[PDB]
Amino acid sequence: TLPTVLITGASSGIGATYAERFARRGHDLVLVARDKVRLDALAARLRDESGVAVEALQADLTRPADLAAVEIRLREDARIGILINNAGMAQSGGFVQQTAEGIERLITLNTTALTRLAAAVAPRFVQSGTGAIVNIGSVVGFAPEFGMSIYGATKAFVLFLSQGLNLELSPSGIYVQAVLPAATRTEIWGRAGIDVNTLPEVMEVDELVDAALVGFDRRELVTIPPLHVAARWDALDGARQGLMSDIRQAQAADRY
């Protein structure tokens, strides 16, 4: 029997296409987002088209009580063996046009909620010796130049967390994937007050998810569909380790 997949941000975009795709592979699903009505239509379609069980679970992951209720479900339901931590939003406007409320929301959703859901399944996954956590990062986490300083910071967070979780949890049989899209045709752009049609280039959501799932089936750790030269990843990671090899912690460097 195939594991049930809990997907956050399942109501649209990358989340919704993951849901469609996993339903077509034969997995039962738990779909979470705020828009209950839209989730109930999507769930019904997938139950009908694919014959799997699909539950629509309303939750605002920036509301403490909703998040806690999703944590509970992840801790307690042994059927759930794949977590897609996909729910996320971009930044609207530059740094000075940010608000305290907006910063709170962006960080809580993209970072705190994602990390907490992963922490809700990890103990159970360790005990069973199996499980999968797919975290959606972004190419923007490599690009302070893109101009979304906070959002990009949240996505650097998600990449790093994913790397760290792999090292901690793969020895207990857990797969931890970071998936890093670049511009993809979803509701994120309009949510942030950007017209998606003004971006030079944008990937279709079907093509991104199928690429991501090729990565998933190969059990790839870091999956970057729009990166046309794979070895740039290895070179980035090498330079990171290279830097780490020349840390001497007892004394400040001569130049200081």
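Heads up: residue numbers just count along the shown sequence, starting at 1.
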Averaging C-alpha B-factors over each stretch, which comes out higher, 227-235 or 46-54? 227-235
Per the record, averaged over C-alpha atoms, which has the higher B-factor: 205-213 or 34-42? 205-213
Using the entry's values, work out which of 192, 69, 221, 61 has the largest Cα B factor. 221
Tell me, please, which of 86, 177, 91, 108 has the highest C-alpha B factor according to the deposited entry? 91
Going by the CA temperature factor in the PDB record, which third of the chain does residue 19 belong to: lowest, middle or highest? middle
Divide the modelled residues of the chain into thirds by Cα B-factor and specify which third, lowest, middle or highest, holds residue 115. lowest
Where does residue 148 sit by CA temperature factor within its chain: lowest, middle or highest third? middle
Divide the modelled residues of the chain into thirds by Cα B-factor and specify which third, lowest, middle or highest, holds residue 156. lowest
Report the third (lowest, middle or highest) to which the CA temperature factor of residue 73 belongs, ranking only the modelled residues of the same chain. highest
